[PDB]
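Here you get one chain, nothing else, as structure tokens; it is the form deposited in one PDB entry.
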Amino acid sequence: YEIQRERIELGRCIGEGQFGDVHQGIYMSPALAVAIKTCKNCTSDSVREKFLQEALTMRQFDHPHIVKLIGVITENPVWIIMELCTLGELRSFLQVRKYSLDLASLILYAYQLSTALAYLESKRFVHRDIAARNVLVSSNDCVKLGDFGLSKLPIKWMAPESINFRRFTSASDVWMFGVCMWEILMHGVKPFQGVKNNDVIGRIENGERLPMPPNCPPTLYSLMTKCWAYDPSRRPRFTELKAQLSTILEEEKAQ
């Protein structure tokens, strides 16, 4: 899915990914607003091969809650063309809308994300660059998984087996999603604020967990705590999370 460069009008810098700046632009095939990943060092084929890898691996992915890849330009400057999430990063969206988003919206986002994570697992996709993981906002009622920002290891988000042994499985992704859920219900507050990364594993191994967010339904906090089972085998699967989140969303909308 090689795009002709003259079909792309490169606009302003809107964020960053692991390899360089992300720009807004326009793609005429007309007037589709898109985001364009650029790559600082893609004159080197070693860098170029890594920059493009997931764009190729994820090319045929199509999920409402995952940023869609549109195309690539593999001549220097190498670019990846993808859908534009016009409302930016979910963390800042939640912060600026702290007193204006209903709890039902927060639960909707968690649910949407669970559907995306179940789908990726169904494609046997393993996402290894965990530091790059991010959630973007495409509309008031739609969030999407991405690997770049708009506007080091994430120890405070990681499963105990990942911190201790660098074991990474779907179960470790479930732990991290539990943390994501907590952040959403906290209007974008990061976990373990002010805590040294070094001291996180000690707290977990003392049985401590992130506390129930204000206004979070106890059923949803219960689900988060299951994601944070120390034993990865006792964590729920993404299928179960999706089912359970759907039930929780309905209940909140009925309040």
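One-based numbering along the sequence shown. Take the two forms, superpose them, and find the largest set of C-alpha atoms that agree within 1.5 Å; that set is the rigid core.
Just so you know, the form solved in complex with a small molecule exists too; it's not on screen, but the next bit is about it.
- This chain is displayed without the small molecule, yet in the bound PDB entry the stretch 33 to 41 from 191 to 199, 221 to 229, 33 to 41, 204 to 212 comes within 4.5 Å of it by heavy atoms.
- Just one of 72, 158, 185, 84 comes within 4.5 Å of the small molecule in the bound PDB entry, counting any heavy atom, and that one is 84.
- Proximity of 14, 22 and 67 to the small molecule in the bound PDB entry is complete: all three residues have a non-hydrogen atom within 4.5 angstroms.
- A residue is said to contact a partner when one of its heavy atoms sits within 4.5 Å of a partner heavy atom; residue 88 meets this definition for the small molecule in the bound PDB entry.
- Mapping the unseen interface onto this chain, residue 143 falls outside it, with no heavy atom inside 4.5 Å of the small molecule in the bound PDB entry.
- For the residues 132, 142, 103, 73, superposed on the rigid core between this form and the one not shown, a C-alpha shift of 2 angstroms or more shows up only at 132.
- In the bound PDB entry, the CA atoms of residue 128 and residue 77 sit farther apart than in the displayed form, by at least 3 angstroms.
- Wider separation of the C-alpha atoms of residue 129 and residue 79, by 3 angstroms or more, is seen in the bound PDB entry than in the present form.
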